[PDB]
Amino acid sequence: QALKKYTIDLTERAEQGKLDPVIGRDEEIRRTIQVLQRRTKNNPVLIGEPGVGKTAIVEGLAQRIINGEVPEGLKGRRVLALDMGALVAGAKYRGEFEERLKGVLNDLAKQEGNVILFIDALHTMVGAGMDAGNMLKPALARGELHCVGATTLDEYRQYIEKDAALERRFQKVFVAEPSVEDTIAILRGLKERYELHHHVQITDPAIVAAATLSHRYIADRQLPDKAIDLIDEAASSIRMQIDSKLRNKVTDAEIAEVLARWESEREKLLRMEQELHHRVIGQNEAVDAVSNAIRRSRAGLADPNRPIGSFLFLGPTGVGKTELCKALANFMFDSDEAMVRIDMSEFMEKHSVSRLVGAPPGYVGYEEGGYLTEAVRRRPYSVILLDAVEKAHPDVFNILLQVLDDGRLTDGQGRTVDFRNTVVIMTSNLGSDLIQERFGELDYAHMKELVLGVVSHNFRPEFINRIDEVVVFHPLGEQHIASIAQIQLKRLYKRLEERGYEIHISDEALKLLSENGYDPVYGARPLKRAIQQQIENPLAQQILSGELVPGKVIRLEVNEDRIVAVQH
Amino acid sequence: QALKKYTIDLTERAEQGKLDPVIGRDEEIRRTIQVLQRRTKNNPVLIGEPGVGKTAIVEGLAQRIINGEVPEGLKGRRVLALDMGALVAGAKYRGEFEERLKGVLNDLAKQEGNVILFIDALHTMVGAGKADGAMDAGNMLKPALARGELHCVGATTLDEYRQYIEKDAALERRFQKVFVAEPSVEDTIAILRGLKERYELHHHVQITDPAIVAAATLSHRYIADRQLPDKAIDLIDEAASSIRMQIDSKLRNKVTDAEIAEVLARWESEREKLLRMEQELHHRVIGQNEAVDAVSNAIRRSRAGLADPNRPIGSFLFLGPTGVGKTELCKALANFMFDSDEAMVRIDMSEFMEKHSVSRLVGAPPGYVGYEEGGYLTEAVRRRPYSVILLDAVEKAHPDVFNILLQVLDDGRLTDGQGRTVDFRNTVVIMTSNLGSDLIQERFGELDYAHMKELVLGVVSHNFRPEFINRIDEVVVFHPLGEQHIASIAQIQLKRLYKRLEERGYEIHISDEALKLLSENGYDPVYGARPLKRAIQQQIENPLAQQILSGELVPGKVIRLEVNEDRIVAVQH
Amino acid sequence: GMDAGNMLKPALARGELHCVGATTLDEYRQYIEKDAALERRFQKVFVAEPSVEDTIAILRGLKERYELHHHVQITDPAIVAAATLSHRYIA
Ligand SMILES: Nc1ncnc2c1ncn2[C@@H]1O[C@H](COP(=O)(O)OP(=O)(O)OP(O)(O)=S)[C@@H](O)[C@H]1O
Ligand SMILES: Nc1ncnc2c1ncn2[C@@H]1O[C@H](COP(=O)(O)OP(=O)(O)OP(O)(O)=S)[C@@H](O)[C@H]1O
Ligand SMILES: Nc1ncnc2c1ncn2[C@@H]1O[C@H](COP(=O)(O)OP(=O)(O)O)[C@@H](O)[C@H]1O
Ligand SMILES: [Mg+2]
């Protein structure tokens, strides 16, 4: 026949017990049996994003036909999995696909309506050459064929809803993606098959950790595909750890290994203030506020519909604004430059706002994405830095209203960007003169009140109502910026060790470097670039001059007005 | 058995020693054994490259099966390969190849989990059997995948996987991407040390280990079509057959690195490089002797080996007006270092003043004007990793370039918006500017070169970043030439004119007085050498081509370019 | 005309056949480099287009061959002119 060539008998495979114990999905099998028992249009199409187990639903339907959990219109049926990829194989000659397809339809008609057909990837029927829709389509309309289709939602609305006739011949049985507990029940149903295949043991905290962590930390796949992937890959890794040269129980540590590759952080976050003062000295209040935000987010108490950090940095520039934020992105998730910096001096127009959100449909910057939205859609776990937010056009803060209240922002191309795993940081200088001229012997709370009054005279009442906490950034004294210069000398010594040199200094040279470009009105960054220029010009010039040798004592001795490098 | 008819056994050929021993690739075989010992997504497909040992991993897996180094689950498994044209031997009837293949698949199902089948060129098996009223191979094996009756192992390229296996659904969810990286230089050394004894016992010659490491390094440096380690194996075996011919035709057996150089150039460095550099500069880039010394110092400090090899050699910002030898210097560096005239990339920064600067030049995330075209810089260096990079007219740049340029000036390697790494450590990055060129045209006369360079570096510190110009090797001052250098460059242009006329069949020698009339009538201090070019064109070629077509100047005579009162006339004698 | 390659292409991965191939670079890049079932049975002997002077030598030998057919006297300026002008003007 032609059914033997192109179809796979799923009820014969269920009779041989080769299918899976499909546990769950009972409403969708009831809905499919509601569609497969009509008089015309007996054709359910299963619809859901890939991985949600639609072939699993049809395998469960075949097992219920075998056992007898179906009504008296489905006992003794045969579920035959038709292969659309196997009929369009020899597509050379005229009328070579139509003879195959007509042979399958005549053999399904010979069985007197006793065969349910199953076409997975039903969108392959539309593009087959006219071809495959137009021959099935009269038999589908009159209920003479019981085609259980199965296709992805996006492929369905791209290929089948485009064609209103073939869309009429099918009924949508929406296969929704399962919850976390349902994945746990599936994996407890499928645990015995893996433990009798791999011949290992599986522990139930590893199962619930697989379901929870794949649900939480993977946005590509969907449950229960990714959870079964984690369990099977971990079981194979334990199988090769046994069978090479020693546990057999899969643990949640194995699940974390497979998730990270393919909870001492609590004790780290208890000393998160120490970690933030490892790299930025001074400014205890901002470190306390940011660490409070991190502790509230990681402890599970904060609002899950708001971003983690929503703060307004004030004060003069270069006092440790971006150094704190780079250290925060380093010790939060990954790295110093695993963050997003946006120079808000660029944005002073209306098309500036359309740049940082995205141009609407039909205009120039449409396909190019947004600016903020692309940077967060690429890095959903990152830190956002709005550098000098006072320079922005006064309607960027409406975009920021949506950002800081909801954690969502819809770009020009109509897709939502989730900000609920990031930290928004806005640096400004709206009260630099007022805090620099009144830093002396004034407290923190009244200074916050005064600069908050000034900022409230600057900003809109809706926007300052959204901010979580407004820190002050008091100016640093001479010893604070001197200690900053000491830390910069330490990281410069680290960079010289990376270059491969051991260079010492005198304390008089340290005082001259600390007093080259010291200015409280411009920050430590003029002092930083003064030290960096006055070291990287003469020392690296003497490197190119052929003087420095790796493995010699090099002291930064002082000149009358300069610093000389010696070779001892 | 139909297996004994037209299949190929790898375990038998590994047990009988007919297969090459495989050394290395333990991580890839380990991940392949991770993939094979699953219950879902059983079948691996080895995504690799044409010539990186995709067949070698399955050969080494068969050797570990025969040697018993495998885990207990894979012991006793007979790895077979599948041969197409062997199965299309005597099958011309109506469905005879399909019947033979169906019998092979029924015999593989009869083995019941015993045969781990290897299918090289898996996409080719998907698209093989263009038959007459019958089936192909891929859609007759495809029901045997999703019935648990096949333990396939595949091999393909990344592009053929992305086209022919990622597009399908069940073909995607039966297969795993065991990605096979291209091996390193020392990996190639280890592999060539593995198979040296077989080639020596075949070709009756001897192979030396410095020749092996030289073959590996020069194959990694020079050859771009093939890849490691197959190109190095081809070099070794081609040198072996060359030594065998030298025995046969007209008495050595030791393959040295000189033999490898003979084969490879047929397919002493630093000092001669310095001499050829400083000699071929004055052939092409005449004048600018301070610049010749500056470029010579830069090349000595680069190829001395005392600097950092994690940085690109080209790190330069240039100064001077149009037509001062900048492009001449770029093409001279290309013709010297890379053995080709057009061995460079010429892009001008005069038009990237907007936000489409990094996305046009460097690399575009999906949606830009430079996205459906490839890319201007990173994709061009993907085309030419052995080349020179030019950034002309840098005074019209954009601030989201300087960060990319600091990445080049610090580390060289560069990741564009698409997420691929393009390295610049074998390229020569060149930038040109013309801001301080007014003082150079103004007062180069009666002044020196060092104080001029210091004052124009002060002007750069007025205009540009003092920290961005630190990683630049040397910023040059291009000035001036009055009589003898004008005579030399006019002699160059006259040389190419003499080449065209001698291909026509004429012999023209310029007189000194006519060249003085060209130097007076063609040169001016305000412009440079372009009025010399158009004056050469007009005052020489237009009356000369007026005269040649006139039936006047007979071939084969010395044509002295004499002078008129103000013109330049050609004479016959 | 199964016709020839399914009785020859097996013998290439059988050692009984020692064939010598000749094809265009484009037909090689289409019909052989894709056909990876036979790729390590070949080596790309890239016959470069000859230069002008190699063509002049080829034309001197074939001058000696061609003058006995047309019964004329091909001249050596005609050889060097044909090489130079055919290299320039016929792309
Ligand atoms: N309710 C369920 N009971 C048992 N196994 C399930 C269930 N849902 C999913 N699975 C398993 O999850 C995996 C998903 O396979 P599929 O059914 O192909 O997934 P899908 O939802 O059909 O999406 P695609 O496009 O087919 S990958 C299989 O191994 C199924 O056995
Ligand atoms: N410094 C120089 N020394 C000697 N000859 C020079 C010098 N600068 C220019 N020339 C000559 O003048 C010509 C001017 O052409 P180019 O240098 O190519 O002009 P350009 O400014 O580089 O722009 P293009 O795109 O190359 S036309 C050169 O080809 C040389 O023949
Ligand atoms: N480590 C190795 N040990 C033995 N042989 C090797 C090794 N690496 C490469 N080879 C040889 O180089 C060839 C290249 O293999 P492969 O990349 O599979 O070619 P292709 O990609 O064209 O199928 C192999 O046939 C093998 O004989
Ligand atoms: Mg499916």
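Heads up, residue numbers simply count up from 1 along the chain you see.
Header entry for method reads electron microscopy, 3.9 Å.
Note: Cβ is positioned from N, Cα and C throughout, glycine not excepted.
Taken straight from Swiss-Prot:
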- A:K18: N6-acetyllysine (MOD_RES)
- A:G48, A:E49, A:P50, A:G51, A:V52, A:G53, A:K54, A:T55: ATP 1 binding site (BINDING)
- A:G315, A:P316, A:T317, A:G318, A:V319, A:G320, A:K321, A:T322: ATP 2 binding site (BINDING)
- A:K350: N6-acetyllysine (MOD_RES)
- A:476-567: region 'C-terminal' (REGION)
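Shown on the structure are the features that Swiss-Prot records.
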residue : record             : DSSP (3 states)
A:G51   : ATP 1 binding site : coil
A:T317  : ATP 2 binding site : coil
A:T322  : ATP 2 binding site : helix
A:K350  : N6-acetyllysine    : helix
Checklist entry - Whole-number Å distance between the CA of A:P50 (ATP 1 binding site) and the CA of A:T317 (ATP 2 binding site)? => result 50
Checklist outcome for this item: Near ligand 1 by the Cβ criterion (under 6 Å), the recorded positions from A:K18, A:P50, A:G53, A:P316, A:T317, A:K350 are A:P50, A:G53
Next on the checklist: An 8 Å radius from the center of the A:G315, A:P316, A:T317, A:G318, A:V319, A:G320, A:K321, A:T322 Cβ atoms defines the neighbourhood of the ATP 2 site; name the other residues of that chain inside it, in order.
Outcome noted: A:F313, A:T427, A:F473, A:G523, A:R525
Checklist outcome for this item: Candidates A:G48, A:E49, A:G53, A:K54, A:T55 (binding-site residues); nearest Cα to A:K321 (ATP 2 binding site) turns out to be A:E49
Item to check | Cross-chain proximity of recorded positions to B (CB under 8 Å), evaluated over A:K18, A:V52, A:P316, A:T317, A:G320, A:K321 | outcome: A:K18
Checklist outcome for this item: Rounding to whole Å, the Cα atoms of A:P316 (ATP 2 binding site) and A:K350 (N6-acetyllysine) are apart by 27
Checklist entry - When you average the Cβ positions of A:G48, A:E49, A:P50, A:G51, A:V52, A:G53, A:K54, A:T55 for the ATP 1 site, which other residues in that chain have a Cβ within 8 Å of that mean position? => result A:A56, A:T152, A:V175, A:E177, A:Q222, A:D225
Checklist entry - From the Cα of A:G53 (ATP 1 binding site) across to the Cα of A:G320 (ATP 2 binding site), what is the distance in angstrom? => result 52
Next on the checklist: Taking the Cβ of each of the binding-site residues and counting other Cβ atoms inside 10 Å, which one has the highest number: A:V52, A:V319?
Outcome noted: A:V319
Checklist entry - Would you say which of the binding-site residues A:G53, A:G318 has the most Cβ atoms within 10 Å of its own Cβ? => result A:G53
Next on the checklist: Comparing the recorded positions A:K18, A:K321, which residue's C-beta has the most other C-beta atoms within 10 angstroms in this structure?
Outcome noted: A:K321
Checklist entry - Roughly how many Å separate the Cα of A:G318 (ATP 2 binding site) from that of A:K54 (ATP 1 binding site), to the nearest whole number? => result 57
Item to check | Nonlocal residues around A:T322 (ATP 2 binding site), in sequence order (Cβ under 8 Å, 6 or more apart) | outcome: A:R341, A:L385, A:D387, A:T427
Checklist entry - In Å, rounded, how far does the Cα of A:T55 (ATP 1 binding site) sit from the Cα of A:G315 (ATP 2 binding site)? => result 60
Checklist outcome for this item: Here the Cα-Cα span from A:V52 (ATP 1 binding site) to A:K18 (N6-acetyllysine), rounded to a whole number of angstrom, reaches 20
Checklist outcome for this item: For A:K54 (ATP 1 binding site), the closest of the recorded positions by C-alpha position, picking from A:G315, A:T317, A:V319, A:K350, is A:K350
Item to check | Cβ atoms near A:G320 (ATP 2 binding site) (within 10 Å, other residues, all chains) | outcome: 25
Next on the checklist: What whole-number Å value do you get for the CA-CA distance of A:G53 (ATP 1 binding site) and A:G315 (ATP 2 binding site)?
Outcome noted: 56
